[PDB]
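As C-alpha cells, one chain now follows by itself in the form deposited in one PDB entry.
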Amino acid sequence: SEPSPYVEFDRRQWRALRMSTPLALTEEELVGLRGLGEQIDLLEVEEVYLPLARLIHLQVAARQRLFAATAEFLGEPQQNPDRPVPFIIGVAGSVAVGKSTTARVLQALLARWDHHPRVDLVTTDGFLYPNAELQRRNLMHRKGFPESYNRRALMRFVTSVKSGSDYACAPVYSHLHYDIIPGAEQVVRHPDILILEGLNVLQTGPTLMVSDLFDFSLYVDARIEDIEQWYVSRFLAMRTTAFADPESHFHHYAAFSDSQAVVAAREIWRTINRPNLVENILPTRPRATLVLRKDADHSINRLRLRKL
C-alpha cells in the first residue's frame, strides 16, 4: 500500500522485458568495446542491456513528441527533414566502475536499430582543463572533481546539440598523456541520440547544467569498497599495460612491485577518487533514471528504475 517513484528489479525479472529485441551484437565486437577489468559477456548484454535499449527506444519517440509540442506552441515549424530534438543520455559512475564500457555498449545496441539512428558518444574527460590551466587553478590534485572540468563549455556543447545546431565541437583527451590533446577535437553533427559519459555529468548546481538536459540518465553503481579493489587491480594490471609505454604520464609506476603499487594506488584512491565519489557522484544516484548495480564480480544482477 506504499507507492514509489522507483521499481526495483533483480536481473532474473528484468531480463524478461527484452521481448523480441534482436541481439545485433557479436562476441567479437563485444570484446572490442570491453574495458580493462570489465567481464561483460553476451549473456549480460541480452539480459541487462537489451531490455534497457528497448526501454530507451520506446522513450525516444515519445520524448521527441513532447518537445515538438513546445515547438508547436512557439509557432515554430519542424522545417527540413523534421530534425527532432536530439535525445540526451547521461552515463555516470565512479572512476573504475565500468561506465566507460556501459556507454560504448549502449551506443552500439542503441545504434543497431532498424530505423538506423545516429548515436554519438562523448566522454566528458575531453572537457577537463589542460593540465596547465589545471595548476593555474591549483586543481591537479582534484582532477576528476566537478571543478576540474569546463562546465560552461560542456553545458554550451550539449545545449548547442540539443538546440538543433548543424554541428558542435568538443576537445579530446589523452589518457596515456594524461592531458588534453592540442588542436584535437571531436565533432558532433545533429545526432538522434547523444550519450554523455563521465564522473560528474549528473551533478547539479545553482545554474542549469547538462544534467538538466538529459532525457535519460544511467548510473553505474558498485559497493564503494568493491570499486577500490577494481581500481587497484586495474592499477597493477596497467603496470604491464598502458603504463609500460614510456609515453605514459605514469610510466614511473610500471617498475612498482605488487606491494608498492597497491600501496600507491590505495592512497590515491583515499585522497582523490573516493572523496570525489562520496562528495559529488553518489549524491546524484537517487535522481538517475536507471541504476545498474554491479556485484564484486562486475556482474550487474540488480537494477532500480525511475518510473516517476
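Numbers for residues come from their place in the sequence shown, where the first is 1. Definition used throughout: the rigid core is the maximal C-alpha set that superposes within 1.5 Å between two forms.
Separately, the form deposited in another entry exists; it is not shown, and the next lines address it.
- Taking the core as reference between this form and the one not shown, the lone member of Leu277, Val45, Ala53, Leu30 whose Cα moves by 2 Å or more is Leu30.
- Once the cores line up, the CA of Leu17 ends up 2 angstroms or more apart between this form and the one not shown.
- Once the cores line up, the CA of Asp226 ends up less than 2 angstroms apart between this form and the one not shown.
- Comparing the forms between this form and the one not shown on their rigid core, the Cα displacement of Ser165 stays under 2 Å.
- In the other entry, the CA atoms of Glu28 and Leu109 sit closer together than in the displayed form, by at least 3 angstroms.
- The pair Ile193 and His116 is at least 3 angstroms closer at the CA level in the other entry than in the present model.
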